[PDB]
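Structure, as C-alpha cells:
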Amino acid sequence: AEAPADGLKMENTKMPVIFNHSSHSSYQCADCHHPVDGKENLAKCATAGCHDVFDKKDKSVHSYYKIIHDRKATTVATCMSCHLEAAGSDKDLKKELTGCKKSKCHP
Ligand code: HEC
Ligand code: HEC
Ligand code: HEC
Ligand code: HEC
C-alpha cells in the first residue's frame with residue numbers, strides 16, 4: 001500500500017496534531033500500522049475496540065494516550081519513544097520533537 005499525502009489531521013482530542021508521512025518515509029509501514037490477527041492493518045488507531053480509551057491515566061493496550069506518549073516502547077514504537085531517541089541530547093530537537101507545547105506535534 002501507498003502512504004497518503006502530508007497534512008493528515010489526527011483529531012480525536014482537543015490537542016490535534018498534523019501528521020506527515022513524508023517525515024517518516026524511511027520507516028516500514030508496519031512500524032506504526034502493526035498487523036492485527038495476521039492481516040494488514042491500516043485502520044485509524046482509535047477505531048472502537050482498538051486504541052479507543054481516552055482517559056490519560058489508562059495504561060492498558062486500549063489507551064490512545066499511551067500509544068502516542070509513552071516514553072518507553074518494546075513491541076511497537078510510540079511517537080514519543082521514537083522521537084526521544086531521534087532528538088537524543090540536544091535542546092532544539094527535544095523542543096521540536098518531544099516537547100508538550102511549542103513542539104512540531106503541539107505548536
Ligand atoms: C508528537 C510526537 C507528540 C508530542 C511530542 C507530544 N504529543 Fe500530545 N498528542 C500527540 C498526538 C498525535 C495526539 C492525538 C491528536 C488527536 O487529537 O487525535 C496528542 C494528544 C494529546 C493530548 C489530548 C489527549 C486527550 O485529551 O485525550 C494531550 C493532553 C497531550 N497530547 C499532551 C501531551 C503532553 C503532556 C506532552 C509532553 C510530554 C505531549 N503531548 C507531547 C502527539 C504528541
Ligand atoms: C509512523 C511513524 C507511520 C508510518 C511509518 C506510516 N504511517 Fe500511515 N499513518 C500513521 C498515523 C499516525 C496515521 C493517522 C492514523 C489516525 O488514526 O489518525 C496514518 C494514516 C495512514 C493512512 C490513512 C488511514 C485513514 O485515514 O483511513 C494510510 C492509508 C496509511 N497511513 C498508510 C501508510 C503506509 C502505506 C505506510 C508505509 C508506506 C505508512 N502509512 C507509514 C503513522 C504511520
Ligand atoms: C485494532 C484493530 C487496532 C488498530 C486499528 C491499531 N491497533 Fe495498535 N494495537 C492493537 C492491539 C490488539 C495491540 C496489542 C499488541 C499487538 O501489537 O498486537 C496493539 C499494540 C499497539 C502498540 C503497543 C502496545 C501499546 O502501546 O498499546 C502500539 C504503540 C500501537 N498498537 C500503536 C498503534 C498505532 C499508532 C495505530 C494506528 C496507526 C494502531 N496501533 C492501530 C490494536 C489496534
Ligand atoms: C520512529 C519510528 C518514529 C515514529 C514512530 C514517529 N516519528 Fe515522527 N519523526 C521521526 C523522525 C526521525 C523525525 C524527524 C524527521 C523530520 O522530517 O523532521 C520525525 C518528525 C516528526 C515531526 C516533525 C516534522 C513534521 O512532519 O512536521 C512530527 C510533527 C512528527 N514526527 C509527528 C509524529 C507523530 C504524531 C507520531 C505518532 C503518531 C510520530 N511522529 C511517530 C520518527 C518517528
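So you can find residues: chains in the C-alpha cells are A, B, ... in the order shown, residues in each start at 1, and ligands are numbered from 1 in order.
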Can you work out which residues are within 7 Å of ligand 4, considering only C-alpha atoms and all ligand atoms, and then hand them over as a ChimeraX atom specification? /A:17-20,22-24,27,31-32,68,77-80,82-83,86,97,104-105
Expected file: the selected residues, C-alpha atoms, as a PDB file, in the first residue's frame:
```
ATOM      1  CA  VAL A  17      -1.741  17.053  15.548  1.00  0.00           C
ATOM      2  CA  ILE A  18      -0.711  17.233  11.877  1.00  0.00           C
ATOM      3  CA  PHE A  19       0.912  14.004  10.699  1.00  0.00           C
ATOM      4  CA  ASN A  20       3.189  13.953   7.644  1.00  0.00           C
ATOM      5  CA  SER A  22       6.951  12.247   4.247  1.00  0.00           C
ATOM      6  CA  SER A  23       8.795  12.808   7.573  1.00  0.00           C
ATOM      7  CA  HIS A  24       8.550   9.073   8.298  1.00  0.00           C
ATOM      8  CA  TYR A  27      10.326   3.522   8.377  1.00  0.00           C
ATOM      9  CA  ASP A  31       6.419   0.058  12.387  1.00  0.00           C
ATOM     10  CA  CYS A  32       3.242   2.036  13.094  1.00  0.00           C
ATOM     11  CA  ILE A  68       1.325   8.195  21.363  1.00  0.00           C
ATOM     12  CA  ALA A  77       7.251   2.315  18.988  1.00  0.00           C
ATOM     13  CA  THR A  78       5.220   5.240  20.219  1.00  0.00           C
ATOM     14  CA  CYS A  79       5.543   8.709  18.704  1.00  0.00           C
ATOM     15  CA  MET A  80       7.294   9.821  21.873  1.00  0.00           C
ATOM     16  CA  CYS A  82      10.928   7.196  18.809  1.00  0.00           C
ATOM     17  CA  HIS A  83      11.162  10.994  18.937  1.00  0.00           C
ATOM     18  CA  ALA A  86      15.728  10.833  17.433  1.00  0.00           C
ATOM     19  CA  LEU A  97      10.171  16.659  18.587  1.00  0.00           C
ATOM     20  CA  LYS A 104       6.083  20.365  15.994  1.00  0.00           C
ATOM     21  CA  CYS A 105       3.461  17.994  17.414  1.00  0.00           C
TER      22      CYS A 105
END
```
Rows by chain and residue number, chain A within 10 Å of ligand 1, shortest pair, only C-alpha atoms and all ligand atoms, as CSV:
```
residue,atom,partner,partner_atom_place_in_ligand_line,distance
A:9,CA,ligand 1,18 (O),7.7
A:10,CA,ligand 1,18 (O),4.1
A:11,CA,ligand 1,17 (O),3.4
A:12,CA,ligand 1,18 (O),3.7
A:13,CA,ligand 1,17 (O),3.4
A:14,CA,ligand 1,26 (O),5.7
A:15,CA,ligand 1,23 (C),4.9
A:16,CA,ligand 1,17 (O),3.6
A:17,CA,ligand 1,15 (C),4.9
A:18,CA,ligand 1,12 (C),7.6
A:19,CA,ligand 1,12 (C),7.5
A:45,CA,ligand 1,18 (O),9.1
A:46,CA,ligand 1,18 (O),8.2
A:52,CA,ligand 1,27 (O),9.7
A:53,CA,ligand 1,27 (O),8.3
A:54,CA,ligand 1,27 (O),4.7
A:55,CA,ligand 1,27 (O),6.4
A:56,CA,ligand 1,27 (O),6.4
A:63,CA,ligand 1,27 (O),9.4
A:64,CA,ligand 1,27 (O),7.3
A:65,CA,ligand 1,24 (C),6.0
A:66,CA,ligand 1,24 (C),9.7
A:67,CA,ligand 1,12 (C),9.1
A:68,CA,ligand 1,42 (C),5.9
A:69,CA,ligand 1,7 (N),6.0
A:70,CA,ligand 1,38 (C),8.6
A:71,CA,ligand 1,38 (C),8.5
A:78,CA,ligand 1,2 (C),8.0
A:79,CA,ligand 1,2 (C),4.5
A:80,CA,ligand 1,2 (C),4.8
A:81,CA,ligand 1,2 (C),8.3
A:82,CA,ligand 1,2 (C),8.1
A:83,CA,ligand 1,2 (C),6.1
A:84,CA,ligand 1,5 (C),8.5
A:94,CA,ligand 1,5 (C),8.5
A:95,CA,ligand 1,5 (C),8.4
A:96,CA,ligand 1,5 (C),7.7
A:97,CA,ligand 1,5 (C),5.3
A:98,CA,ligand 1,5 (C),3.6
A:99,CA,ligand 1,5 (C),4.8
A:100,CA,ligand 1,37 (C),3.4
A:101,CA,ligand 1,41 (C),6.9
A:102,CA,ligand 1,5 (C),9.4
A:103,CA,ligand 1,5 (C),6.5
A:104,CA,ligand 1,1 (C),7.2
A:105,CA,ligand 1,1 (C),4.3
A:106,CA,ligand 1,7 (N),6.2
A:107,CA,ligand 1,4 (C),9.7
```
Those residues you just picked out, can you put them in a file as a short mmCIF file (atom, residue, chain, number, x, y, z; two decimals), in the first residue's frame with N, CA and C atoms?
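result-v5.cif, written as the output of this step:
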```
data_model
loop_
_atom_site.label_atom_id
_atom_site.label_comp_id
_atom_site.auth_asym_id
_atom_site.auth_seq_id
_atom_site.Cartn_x
_atom_site.Cartn_y
_atom_site.Cartn_z
N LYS A 9 -4.81 15.20 9.55
CA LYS A 9 -5.20 15.70 10.88
C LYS A 9 -5.58 14.55 11.81
N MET A 10 -4.78 14.37 12.86
CA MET A 10 -5.14 13.49 13.98
C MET A 10 -5.97 14.31 14.94
N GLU A 11 -7.28 14.05 15.00
CA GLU A 11 -8.18 14.94 15.72
C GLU A 11 -9.27 14.24 16.55
N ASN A 12 -8.85 13.25 17.34
CA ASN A 12 -9.74 12.62 18.30
C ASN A 12 -9.86 13.43 19.58
N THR A 13 -8.97 14.40 19.75
CA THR A 13 -8.87 15.13 21.01
C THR A 13 -8.87 16.63 20.78
N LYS A 14 -8.84 17.38 21.88
CA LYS A 14 -8.76 18.85 21.83
C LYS A 14 -7.33 19.37 21.61
N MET A 15 -6.38 18.46 21.41
CA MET A 15 -5.00 18.79 21.08
C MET A 15 -4.59 18.12 19.75
N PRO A 16 -5.24 18.49 18.64
CA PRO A 16 -4.99 17.79 17.38
C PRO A 16 -3.59 18.02 16.83
N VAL A 17 -3.11 17.05 16.05
CA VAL A 17 -1.74 17.05 15.55
C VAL A 17 -1.73 16.76 14.05
N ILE A 18 -0.87 17.45 13.31
CA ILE A 18 -0.71 17.23 11.88
C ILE A 18 0.37 16.19 11.62
N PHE A 19 -0.02 15.09 10.98
CA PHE A 19 0.91 14.00 10.70
C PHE A 19 1.31 13.94 9.23
N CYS A 45 -6.24 4.52 14.39
CA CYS A 45 -5.76 3.95 15.65
C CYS A 45 -6.82 3.89 16.75
N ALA A 46 -7.68 4.90 16.82
CA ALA A 46 -8.73 4.99 17.82
C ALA A 46 -10.06 4.33 17.42
N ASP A 52 -9.03 3.05 21.83
CA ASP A 52 -10.24 3.87 21.93
C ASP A 52 -10.53 4.43 23.33
N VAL A 53 -9.60 4.22 24.26
CA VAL A 53 -9.76 4.72 25.62
C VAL A 53 -9.00 6.03 25.75
N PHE A 54 -9.73 7.09 26.10
CA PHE A 54 -9.16 8.43 26.13
C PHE A 54 -8.75 8.98 27.50
N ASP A 55 -9.03 8.22 28.55
CA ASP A 55 -8.50 8.51 29.88
C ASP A 55 -6.97 8.44 29.84
N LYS A 56 -6.33 9.57 30.12
CA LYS A 56 -4.86 9.69 30.11
C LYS A 56 -4.19 8.78 31.13
N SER A 63 -5.38 2.18 25.52
CA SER A 63 -5.11 3.59 25.77
C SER A 63 -4.58 4.33 24.55
N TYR A 64 -5.35 5.31 24.08
CA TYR A 64 -4.91 6.16 22.98
C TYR A 64 -3.76 7.05 23.44
N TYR A 65 -3.83 7.55 24.67
CA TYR A 65 -2.77 8.41 25.16
C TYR A 65 -1.41 7.68 25.18
N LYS A 66 -1.42 6.41 25.60
CA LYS A 66 -0.20 5.62 25.76
C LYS A 66 0.50 5.33 24.44
N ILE A 67 -0.26 4.97 23.41
CA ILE A 67 0.37 4.59 22.13
C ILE A 67 1.08 5.78 21.47
N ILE A 68 0.72 6.99 21.90
CA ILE A 68 1.32 8.19 21.36
C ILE A 68 2.45 8.71 22.27
N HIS A 69 2.19 8.72 23.58
CA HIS A 69 3.02 9.46 24.51
C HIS A 69 3.95 8.64 25.41
N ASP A 70 3.81 7.31 25.46
CA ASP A 70 4.65 6.55 26.40
C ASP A 70 6.12 6.72 26.03
N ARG A 71 6.95 6.99 27.04
CA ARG A 71 8.36 7.29 26.80
C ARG A 71 9.19 6.07 26.44
N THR A 78 6.19 4.15 20.12
CA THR A 78 5.22 5.24 20.22
C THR A 78 5.83 6.47 19.55
N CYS A 79 5.01 7.48 19.27
CA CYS A 79 5.54 8.71 18.70
C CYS A 79 6.65 9.24 19.60
N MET A 80 6.36 9.27 20.90
CA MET A 80 7.29 9.82 21.87
C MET A 80 8.55 8.98 22.03
N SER A 81 8.41 7.66 22.09
CA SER A 81 9.59 6.84 22.33
C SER A 81 10.57 6.97 21.17
N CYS A 82 10.05 7.05 19.95
CA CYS A 82 10.93 7.20 18.81
C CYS A 82 11.50 8.60 18.73
N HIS A 83 10.67 9.62 18.98
CA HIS A 83 11.16 10.99 18.94
C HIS A 83 12.19 11.27 20.04
N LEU A 84 12.03 10.64 21.21
CA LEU A 84 13.05 10.77 22.28
C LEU A 84 14.40 10.26 21.81
N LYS A 94 14.88 18.26 21.03
CA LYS A 94 13.97 17.97 22.15
C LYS A 94 12.77 18.91 22.13
N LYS A 95 13.04 20.19 21.91
CA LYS A 95 11.98 21.20 21.82
C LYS A 95 11.04 20.90 20.66
N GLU A 96 11.60 20.61 19.49
CA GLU A 96 10.81 20.38 18.27
C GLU A 96 10.06 19.05 18.24
N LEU A 97 10.69 18.01 18.78
CA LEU A 97 10.17 16.66 18.59
C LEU A 97 9.53 16.04 19.82
N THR A 98 9.86 16.54 21.01
CA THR A 98 9.40 15.87 22.23
C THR A 98 8.62 16.76 23.20
N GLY A 99 8.64 18.07 22.97
CA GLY A 99 8.00 18.99 23.90
C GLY A 99 6.48 18.94 23.91
N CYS A 100 5.89 19.28 25.06
CA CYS A 100 4.43 19.22 25.22
C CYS A 100 3.71 20.39 24.57
N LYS A 101 4.45 21.47 24.37
CA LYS A 101 3.92 22.67 23.76
C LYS A 101 5.10 23.34 23.07
N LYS A 102 4.85 24.10 22.01
CA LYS A 102 5.91 24.74 21.23
C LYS A 102 6.77 23.71 20.49
N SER A 103 6.22 22.50 20.34
CA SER A 103 6.86 21.47 19.55
C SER A 103 6.14 21.35 18.21
N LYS A 104 6.72 20.58 17.30
CA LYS A 104 6.08 20.36 15.99
C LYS A 104 4.82 19.52 16.10
N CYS A 105 4.71 18.71 17.17
CA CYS A 105 3.46 17.99 17.41
C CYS A 105 2.40 18.93 17.98
N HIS A 106 2.76 19.65 19.04
CA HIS A 106 1.83 20.56 19.70
C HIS A 106 2.42 21.99 19.65
N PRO A 107 2.22 22.71 18.52
CA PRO A 107 2.71 24.09 18.46
C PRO A 107 2.02 24.99 19.48
#
```
Interatomic distance (Å, one decimal) between atom 6 (C, counted along the ligand's line) of ligand 3 and atom CA of residue A:87: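 About the pair atom 6 (C, counted along the ligand's line) of ligand 3 and atom CA of residue A:87: they are 25.4 Å apart.
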What are the nearest atom pairs, with distances in Å to one decimal, for all residues of stretch 48-85 of chain A that come at most 12 Å from stretch 36-43 of chain A, using only C-alpha atoms, set out by chain and rising residue number as a Markdown table?
```
| residue | atom | partner | partner_atom | distance |
| --- | --- | --- | --- | --- |
| A:48 | CA | A:43 | CA | 10.5 |
| A:49 | CA | A:43 | CA | 11.5 |
| A:50 | CA | A:43 | CA | 9.4 |
| A:51 | CA | A:43 | CA | 10.8 |
```
Selected residue, from A:7, A:47, A:2, A:91, that lies nearest to residue A:62 when counting only C-alpha atoms: A:47
